[PDB]
Amino acid sequence: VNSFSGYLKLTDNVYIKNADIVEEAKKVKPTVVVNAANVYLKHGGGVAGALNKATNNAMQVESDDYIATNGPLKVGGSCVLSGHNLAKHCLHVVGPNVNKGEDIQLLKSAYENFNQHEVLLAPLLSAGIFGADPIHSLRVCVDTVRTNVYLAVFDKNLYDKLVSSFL
Ligand SMILES: N#Cc1ccc(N2CCC[C@@H](C(=O)Nc3nccs3)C2)nc1
């Protein structure tokens, strides 16, 4: 039993809700919140910009030190950093950005990072400003993630479409 509330159950391990991931994280304080990161951990917009703003830019300060030490992530890769005031940990995961021409096949590799954590609050990878089809992202999530994932979908119209079209 966990503290996530109001989710629709899609499969044995995948759950979904129309919710602002920032507000959901502040309420649940999950062990892991997933960020829709880029390889530079530059949290300018989309989910990343919103999560970072909610940390009062502390996420960005920590991320800049991480990059200065380690260099950029790989597309499809991840790193674990602090969750600040939102969660115990933040798993920064880089899905392919279609608006940069990146290989959509890397979306499965990106979701594989979730399997290293028993429970996660997450957005749909590569959705929103990353330019992928969110219906496809949900399909890859369900077919790749085996741990317990609670998906927050900001847009109510998109949420209803994701549910109604789910096979
Ligand atoms: N692509 C993409 C993408 C972009 C942003 C985003 N969020 C998550 C939910 C909260 C939202 C927020 O802070 N909205 C506000 N409106 C007025 C004042 S603050 C930001 N999610 C996905």
# chains A, B, ... in the order shown; residues from 1 in each chain; ligands from 1
>>> residues_around(residues="residue 119 of chain A", least_positions_apart="5", cutoff="9 Å", atoms="only C-alpha atoms", output="list in words")
residues 30, 31, 32, 114, 147, 148, 149 and 150 of chain A
>>> residues_around(residues="residue 102 of chain A", least_positions_apart="5", cutoff="10 Å", atoms="only C-alpha atoms", output="MDAnalysis selection string")
chainID A and resid 75 95:97 107 130
>>> residues_near_ligand(ligand="ligand 1", cutoff="12 Å", atoms="only C-alpha atoms and all ligand atoms", output="PyMOL selection string")
chain A and resi 18-26+35-37+43-55+97+99+122-134+152-156+158
>>> atom_distance(atom1="atom CA of residue 39 of chain A", atom2="atom CA of residue 74 of chain A")
6.0 Å
>>> select_by_dssp(residues="segment 2-158 of chain A", states="alpha helix (DSSP H)", output="PyMOL selection string")
chain A and resi 21-28+46-54+58-70+106-112+134-144+156-158
>>> residues_around(residues="residue 109 of chain A", least_positions_apart="4", cutoff="8 Å", atoms="only C-alpha atoms", output="PyMOL selection string")
chain A and resi 76-77+105+113
>>> write_last_selection(atoms="N, CA and C atoms", output="compact mmCIF listing (two decimals), in the first residue's frame")
# COMPACT_ATOMS: atom_id res chain seq x y z
N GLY A 76 18.55 8.59 -23.77
CA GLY A 76 18.20 7.28 -23.26
C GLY A 76 18.74 6.98 -21.88
N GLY A 77 19.61 7.84 -21.35
CA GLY A 77 20.23 7.62 -20.06
C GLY A 77 19.57 8.42 -18.94
N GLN A 105 13.47 5.19 -31.25
CA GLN A 105 13.76 3.89 -30.66
C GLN A 105 14.43 4.03 -29.30
N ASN A 113 15.33 2.83 -17.55
CA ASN A 113 15.87 3.39 -16.32
C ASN A 113 14.89 3.27 -15.16
>>> atom_distance(atom1="atom CA of residue 80 of chain A", atom2="atom CA of residue 92 of chain A")
6.3 Å
>>> select_by_dssp(residues="chain A", states="strand (DSSP E or B)", output="ChimeraX atom specification")
/A:8-9,14-18,32-36,78-82,89-93,119-122,148-153
>>> write_last_selection(atoms="N, CA, C and O atoms", output="compact mmCIF listing (two decimals), in the first residue's frame")
# COMPACT_ATOMS: atom_id res chain seq x y z
N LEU A 8 -6.13 5.86 -12.14
CA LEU A 8 -6.73 4.77 -12.90
C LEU A 8 -5.65 3.72 -13.13
O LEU A 8 -4.51 4.05 -13.46
N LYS A 9 -6.01 2.46 -12.92
CA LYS A 9 -5.08 1.35 -13.09
C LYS A 9 -5.12 0.90 -14.55
O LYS A 9 -6.18 0.50 -15.04
N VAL A 14 1.17 -0.23 -13.95
CA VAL A 14 1.12 1.13 -14.48
C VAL A 14 -0.22 1.77 -14.12
O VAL A 14 -1.29 1.20 -14.39
N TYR A 15 -0.15 2.98 -13.58
CA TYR A 15 -1.28 3.77 -13.13
C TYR A 15 -1.18 5.15 -13.76
O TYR A 15 -0.08 5.61 -14.07
N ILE A 16 -2.32 5.84 -13.93
CA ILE A 16 -2.34 7.12 -14.62
C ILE A 16 -3.37 8.06 -14.00
O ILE A 16 -4.42 7.64 -13.51
N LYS A 17 -3.06 9.36 -14.05
CA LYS A 17 -3.92 10.38 -13.46
C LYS A 17 -3.74 11.70 -14.21
O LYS A 17 -2.63 12.01 -14.66
N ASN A 18 -4.82 12.47 -14.33
CA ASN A 18 -4.73 13.85 -14.80
C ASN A 18 -4.26 14.69 -13.62
O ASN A 18 -5.01 14.91 -12.67
N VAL A 32 10.80 8.63 -5.46
CA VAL A 32 11.40 9.02 -6.74
C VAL A 32 10.38 9.79 -7.57
O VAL A 32 9.28 9.28 -7.84
N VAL A 33 10.74 11.00 -7.98
CA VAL A 33 10.05 11.71 -9.05
C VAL A 33 10.96 11.71 -10.26
O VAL A 33 12.17 11.97 -10.15
N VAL A 34 10.38 11.43 -11.43
CA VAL A 34 11.12 11.44 -12.69
C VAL A 34 11.03 12.82 -13.33
O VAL A 34 9.93 13.39 -13.45
N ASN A 35 12.18 13.34 -13.75
CA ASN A 35 12.24 14.55 -14.56
C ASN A 35 12.44 14.20 -16.02
O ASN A 35 13.20 13.28 -16.36
N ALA A 36 11.73 14.94 -16.88
CA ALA A 36 11.91 14.91 -18.33
C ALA A 36 13.12 15.78 -18.69
O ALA A 36 13.00 16.94 -19.10
N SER A 78 20.18 8.33 -17.76
CA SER A 78 19.61 8.94 -16.57
C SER A 78 20.69 9.16 -15.52
O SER A 78 21.78 8.58 -15.58
N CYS A 79 20.35 9.97 -14.52
CA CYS A 79 21.13 10.05 -13.30
C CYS A 79 20.17 10.31 -12.14
O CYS A 79 19.09 10.87 -12.33
N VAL A 80 20.58 9.88 -10.95
CA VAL A 80 19.83 10.11 -9.72
C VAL A 80 20.44 11.30 -9.00
O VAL A 80 21.64 11.29 -8.68
N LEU A 81 19.63 12.30 -8.73
CA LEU A 81 20.03 13.46 -7.95
C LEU A 81 19.01 13.68 -6.84
O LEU A 81 18.08 12.88 -6.67
N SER A 82 19.19 14.75 -6.08
CA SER A 82 18.26 15.03 -5.00
C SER A 82 16.86 15.33 -5.53
O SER A 82 16.69 15.93 -6.60
N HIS A 89 14.37 11.53 -4.06
CA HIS A 89 15.28 11.53 -5.18
C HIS A 89 14.55 12.02 -6.42
O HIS A 89 13.35 11.81 -6.58
N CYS A 90 15.32 12.62 -7.33
CA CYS A 90 14.85 12.87 -8.69
C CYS A 90 15.66 12.03 -9.65
O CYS A 90 16.90 12.13 -9.68
N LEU A 91 14.97 11.19 -10.42
CA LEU A 91 15.58 10.45 -11.52
C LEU A 91 15.43 11.28 -12.79
O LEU A 91 14.33 11.41 -13.33
N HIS A 92 16.54 11.89 -13.23
CA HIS A 92 16.55 12.68 -14.45
C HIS A 92 16.73 11.72 -15.62
O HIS A 92 17.78 11.08 -15.72
N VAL A 93 15.72 11.59 -16.48
CA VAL A 93 15.73 10.64 -17.58
C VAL A 93 15.64 11.42 -18.89
O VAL A 93 14.76 12.27 -19.04
N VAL A 119 9.19 2.06 -7.14
CA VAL A 119 8.01 2.91 -7.30
C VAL A 119 8.46 4.29 -7.77
O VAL A 119 9.41 4.85 -7.22
N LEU A 120 7.75 4.86 -8.74
CA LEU A 120 8.09 6.18 -9.27
C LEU A 120 6.84 6.96 -9.62
O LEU A 120 5.85 6.40 -10.09
N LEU A 121 6.92 8.28 -9.42
CA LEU A 121 6.00 9.25 -10.01
C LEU A 121 6.68 9.82 -11.25
O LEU A 121 7.82 10.26 -11.15
N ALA A 122 5.99 9.83 -12.38
CA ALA A 122 6.67 10.15 -13.63
C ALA A 122 5.75 10.83 -14.63
O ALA A 122 4.52 10.61 -14.61
N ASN A 148 6.56 -0.22 -10.35
CA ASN A 148 5.27 0.45 -10.18
C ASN A 148 5.41 1.92 -10.54
O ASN A 148 6.12 2.67 -9.87
N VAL A 149 4.73 2.33 -11.61
CA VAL A 149 4.85 3.69 -12.12
C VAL A 149 3.50 4.38 -12.09
O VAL A 149 2.48 3.83 -12.54
N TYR A 150 3.50 5.58 -11.52
CA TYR A 150 2.35 6.46 -11.38
C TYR A 150 2.58 7.63 -12.33
O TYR A 150 3.45 8.48 -12.08
N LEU A 151 1.83 7.65 -13.43
CA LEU A 151 1.99 8.64 -14.48
C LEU A 151 1.07 9.83 -14.25
O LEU A 151 -0.15 9.66 -14.12
N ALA A 152 1.65 11.02 -14.22
CA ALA A 152 0.91 12.27 -14.12
C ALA A 152 0.86 12.92 -15.50
O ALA A 152 1.91 13.17 -16.12
N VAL A 153 -0.35 13.19 -15.98
CA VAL A 153 -0.58 13.82 -17.27
C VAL A 153 -1.23 15.16 -17.01
O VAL A 153 -2.36 15.22 -16.49
>>> closest_residue(among="A:27, A:64, A:163, A:100", to="residue 4 of chain A", atoms="only C-alpha atoms")
A:27
>>> atom_distance(atom1="atom CA of residue 94 of chain A", atom2="atom CA of residue 41 of chain A")
9.0 Å
>>> closest_residue(among="A:88, A:161, A:42, A:136", to="residue 108 of chain A", atoms="only C-alpha atoms")
A:136
